[PDB]
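A short worksheet on the structure shown next.
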Amino acid sequence: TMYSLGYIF
Amino acid sequence: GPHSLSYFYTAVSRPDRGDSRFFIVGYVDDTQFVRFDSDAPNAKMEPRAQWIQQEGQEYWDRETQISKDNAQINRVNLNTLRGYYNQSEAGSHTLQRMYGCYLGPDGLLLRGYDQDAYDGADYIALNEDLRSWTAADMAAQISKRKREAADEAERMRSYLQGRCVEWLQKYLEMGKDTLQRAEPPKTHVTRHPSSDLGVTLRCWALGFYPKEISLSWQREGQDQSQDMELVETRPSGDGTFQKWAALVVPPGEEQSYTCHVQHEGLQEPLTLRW
Amino acid sequence: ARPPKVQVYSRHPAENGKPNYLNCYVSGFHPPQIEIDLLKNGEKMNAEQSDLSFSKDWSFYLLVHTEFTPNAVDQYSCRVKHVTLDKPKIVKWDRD
């Protein structure tokens, strides 16, 4: 199962 | 090698339409088990392995939701980065991400990772300790500061160490028949004699499951790798792989050469001749 | 920008008049925009294409494939158009 939290650019 | 669960995100800008397209594929080792494509009508995350089809709407509802959120966010990431590079709206651009966990021998995280790439150039990586980022340029420095201000490296570290590993262990169980069984290579040698140039000996390995294999040619108790042609391991398209190694030998000398095959699905390293 | 390598091969070793699968494995390319034609006797076939994935070096790979029955007359090949190639790459298929 995948990461659901923030990943800001 | 240790088991792995990995996700591969691709975003492409589409400026004819002023929109983007978004792909995910999930892997356990060398087996694709999910996909998503934002261009699909009513787009959802779909199984691409029999042994994951069994998961209920609850599982697919979460992955599909993450996928759609990511398709939306990754549209604006492409706009953001275009700004950071003061680039035209003319061109297409690609933003890749990959992340995953390896399963250590004491059932704990062994090596988690996370990395991005704009136009195929490294942009940001999560560091080995998973508590800090490394940025490739001035644009990447902007993204790194935001992630630091947002404490997102600990979010990834918690995910890699928690959910990632845990769901790796679950997937490995569900698919143990395919995922944990090593299929050994089916092997043979073929001979192609020539006009006046030498005979080609081709050593085939087919239908093996783990991608990693070693082919080499030997003559009398000496390696020959030096002048052998070695194609890249390729998918057979049924979940197995194939590979060959070939060399040219004098007419009449064909039995003077042995092919040596190393694959983790064989009881003993294997020796072949034509 | 990175060029594709192209391999063309059958799933199982070719026997004439025996149902099989024709593969065109295209790898190591960047950017991802690419055209991959499985050609029978010069004409594109309706070949299924795998989901876009990439290697640890960020380069993209794709498997184009379709059922086929080998025989002594049909010439098969794989054609690939990419910004990195000045003219299309064609690789003929040949029980190798």
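Letters A, B, ... mark the chains of the structure tokens in the order given; residue numbers begin at 1 per chain; ligand numbers begin at 1, in order shown.
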
Which chain C residues are at most 8 Å from chain B (counting only C-alpha atoms), as a PyMOL selection string?
chain C and resi 1+10-12+23+25+30-31+51-54+58-59+63+65

Polymer residues at most 9 Å from residue 9 of chain C, only C-alpha atoms, same-chain spacing of 4 or more positions, as a PyMOL selection string
(chain B and resi 236) or (chain C and resi 13+21-25+93-96)

Can you work out which residues from chain A touch chain B at a cut-off of 6 Å (counting only C-alpha atoms) and hand them back as a ChimeraX atom specification?
/A:4,8-9

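Residues lying within 12 Å of residue 104 of chain B, counting only C-alpha atoms and ignoring same-chain neighbours fewer than 4 positions away, are residues 1, 2, 3, 4, 108, 109, 110, 111, 112, 161, 165, 166, 168 and 169 of chain B.
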
Could you take the residues named above and write them with N, CA, C and O atoms, as a PDB file, in the first residue's frame?
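Saved result, result-v7.pdb, follows:
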```
ATOM      1  N   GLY B   1      18.405 -12.312  -3.093  1.00  0.00           N
ATOM      2  CA  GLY B   1      18.393 -10.939  -2.513  1.00  0.00           C
ATOM      3  C   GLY B   1      17.135 -10.688  -1.679  1.00  0.00           C
ATOM      4  O   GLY B   1      16.124 -11.349  -1.890  1.00  0.00           O
ATOM      5  N   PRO B   2      17.145  -9.733  -0.714  1.00  0.00           N
ATOM      6  CA  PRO B   2      15.970  -9.452   0.108  1.00  0.00           C
ATOM      7  C   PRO B   2      14.775  -8.944  -0.711  1.00  0.00           C
ATOM      8  O   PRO B   2      14.968  -8.267  -1.693  1.00  0.00           O
ATOM      9  N   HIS B   3      13.573  -9.292  -0.264  1.00  0.00           N
ATOM     10  CA  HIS B   3      12.285  -8.900  -0.888  1.00  0.00           C
ATOM     11  C   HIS B   3      12.138  -7.368  -0.878  1.00  0.00           C
ATOM     12  O   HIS B   3      12.797  -6.725  -0.074  1.00  0.00           O
ATOM     13  N   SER B   4      11.342  -6.808  -1.795  1.00  0.00           N
ATOM     14  CA  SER B   4      11.133  -5.345  -1.954  1.00  0.00           C
ATOM     15  C   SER B   4       9.694  -5.061  -2.402  1.00  0.00           C
ATOM     16  O   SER B   4       9.130  -5.880  -3.153  1.00  0.00           O
ATOM     17  N   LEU B 108      12.473  -6.633   9.872  1.00  0.00           N
ATOM     18  CA  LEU B 108      12.466  -5.151  10.034  1.00  0.00           C
ATOM     19  C   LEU B 108      12.933  -4.495   8.729  1.00  0.00           C
ATOM     20  O   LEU B 108      13.449  -5.224   7.862  1.00  0.00           O
ATOM     21  N   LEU B 109      12.761  -3.172   8.595  1.00  0.00           N
ATOM     22  CA  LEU B 109      13.212  -2.406   7.401  1.00  0.00           C
ATOM     23  C   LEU B 109      14.729  -2.544   7.285  1.00  0.00           C
ATOM     24  O   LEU B 109      15.397  -2.376   8.284  1.00  0.00           O
ATOM     25  N   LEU B 110      15.208  -2.819   6.085  1.00  0.00           N
ATOM     26  CA  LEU B 110      16.660  -2.958   5.862  1.00  0.00           C
ATOM     27  C   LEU B 110      17.159  -1.734   5.087  1.00  0.00           C
ATOM     28  O   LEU B 110      18.145  -1.142   5.523  1.00  0.00           O
ATOM     29  N   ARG B 111      16.486  -1.369   3.998  1.00  0.00           N
ATOM     30  CA  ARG B 111      16.920  -0.187   3.229  1.00  0.00           C
ATOM     31  C   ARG B 111      15.727   0.484   2.556  1.00  0.00           C
ATOM     32  O   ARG B 111      15.392   0.085   1.460  1.00  0.00           O
ATOM     33  N   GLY B 112      15.144   1.498   3.186  1.00  0.00           N
ATOM     34  CA  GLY B 112      14.062   2.263   2.556  1.00  0.00           C
ATOM     35  C   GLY B 112      14.665   3.344   1.691  1.00  0.00           C
ATOM     36  O   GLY B 112      15.765   3.763   1.984  1.00  0.00           O
ATOM     37  N   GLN B 161       9.197   2.375   7.393  1.00  0.00           N
ATOM     38  CA  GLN B 161       9.505   1.545   8.587  1.00  0.00           C
ATOM     39  C   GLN B 161       8.249   0.819   9.054  1.00  0.00           C
ATOM     40  O   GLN B 161       8.417  -0.207   9.729  1.00  0.00           O
ATOM     41  N   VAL B 165       6.859  -1.959   4.936  1.00  0.00           N
ATOM     42  CA  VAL B 165       7.353  -3.296   5.365  1.00  0.00           C
ATOM     43  C   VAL B 165       6.179  -4.223   5.665  1.00  0.00           C
ATOM     44  O   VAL B 165       6.168  -5.329   5.170  1.00  0.00           O
ATOM     45  N   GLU B 166       5.235  -3.747   6.453  1.00  0.00           N
ATOM     46  CA  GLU B 166       4.067  -4.552   6.864  1.00  0.00           C
ATOM     47  C   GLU B 166       3.288  -5.067   5.655  1.00  0.00           C
ATOM     48  O   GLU B 166       2.866  -6.206   5.670  1.00  0.00           O
ATOM     49  N   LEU B 168       4.484  -5.279   2.542  1.00  0.00           N
ATOM     50  CA  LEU B 168       5.430  -6.199   1.859  1.00  0.00           C
ATOM     51  C   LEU B 168       5.215  -7.615   2.405  1.00  0.00           C
ATOM     52  O   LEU B 168       4.961  -8.529   1.572  1.00  0.00           O
ATOM     53  N   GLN B 169       5.259  -7.786   3.738  1.00  0.00           N
ATOM     54  CA  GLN B 169       5.107  -9.109   4.417  1.00  0.00           C
ATOM     55  C   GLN B 169       3.757  -9.735   4.019  1.00  0.00           C
ATOM     56  O   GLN B 169       3.751 -10.923   3.655  1.00  0.00           O
TER      57      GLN B 169
END
```

Distance query residue 174 of chain B at most 10 Å, only C-alpha atoms, self and fewer than 3 positions along chain excluded, as a ChimeraX atom specification
/B:50-52,54,168-171,177-179

Once DSSP has gone over the backbone, tell me which residues of segment 7-134 of chain B are in strand (DSSP E), as a VMD selection string.
chain B and resid 7 to 14 19 to 28 31 to 37 46 to 47 94 to 102 113 to 118 121 to 126 133 to 134

Between atom CA of residue 259 of chain B and atom CA of residue 230 of chain B, what is the spacing in Å?
12.3 Å

Please report the interatomic distance between atom CA of residue 250 of chain B and atom CA of residue 201 of chain B in Å with one decimal.
10.5 Å

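Using only C-alpha atoms, the residues found no farther than 6 Å from segment 66-79 of chain C, other than those of its own chain fewer than 4 positions away, are residues 16, 17, 18, 19, 20, 21, 22, 36, 37, 38, 39, 40, 41, 47, 89, 90, 91, 92 and 93 of chain C.
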
Residues at most 10 Å from segment 221-224 of chain B, counting only C-alpha atoms, excluding those fewer than 3 positions away in the same chain, as a list in words?
residues 216, 217, 218, 227, 228, 247, 256, 257, 258, 259 and 260 of chain B

Keeping only N, CA, C and O atoms, write the selected residues to a file as a compact mmCIF listing (two decimals), in the first residue's frame.
```
# COMPACT_ATOMS: atom_id res chain seq x y z
N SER B 216 28.05 -17.58 -18.63
CA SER B 216 29.45 -17.48 -19.12
C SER B 216 29.86 -18.75 -19.88
O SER B 216 29.29 -19.83 -19.67
N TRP B 217 30.83 -18.55 -20.74
CA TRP B 217 31.40 -19.58 -21.62
C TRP B 217 32.83 -19.84 -21.15
O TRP B 217 33.51 -18.88 -20.78
N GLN B 218 33.23 -21.10 -21.16
CA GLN B 218 34.56 -21.52 -20.70
C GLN B 218 35.19 -22.45 -21.74
O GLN B 218 34.46 -23.11 -22.44
N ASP B 227 35.25 -12.33 -25.17
CA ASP B 227 34.74 -12.02 -26.52
C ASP B 227 33.33 -12.58 -26.73
O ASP B 227 32.91 -12.72 -27.89
N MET B 228 32.61 -12.85 -25.65
CA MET B 228 31.22 -13.37 -25.78
C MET B 228 30.21 -12.23 -25.85
O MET B 228 30.45 -11.22 -25.24
N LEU B 247 29.20 -17.05 -28.53
CA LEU B 247 30.58 -16.75 -28.99
C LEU B 247 30.86 -17.56 -30.26
O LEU B 247 30.15 -18.56 -30.51
N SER B 256 34.72 -28.28 -27.22
CA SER B 256 35.80 -27.71 -26.37
C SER B 256 35.25 -26.56 -25.51
O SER B 256 35.99 -26.10 -24.65
N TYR B 257 33.99 -26.14 -25.69
CA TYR B 257 33.38 -25.01 -24.95
C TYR B 257 32.19 -25.49 -24.11
O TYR B 257 31.36 -26.30 -24.59
N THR B 258 32.11 -25.00 -22.88
CA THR B 258 30.97 -25.25 -21.95
C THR B 258 30.35 -23.92 -21.53
O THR B 258 31.10 -22.97 -21.22
N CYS B 259 29.03 -23.87 -21.53
CA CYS B 259 28.26 -22.74 -20.96
C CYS B 259 28.03 -23.04 -19.47
O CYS B 259 27.66 -24.16 -19.16
N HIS B 260 28.24 -22.03 -18.62
CA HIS B 260 28.09 -22.07 -17.15
C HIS B 260 26.91 -21.17 -16.77
O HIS B 260 26.94 -19.95 -17.08
```

Please compute the atom CA of residue 123 of chain B-atom CA of residue 22 of chain B distance, one decimal, in Å.
18.5 Å

As a ChimeraX atom specification, please: the residues near segment 196-199 of chain B (cut-off 7 Å, only C-alpha atoms, same-chain neighbours under 6 positions excluded).
/B:248-251
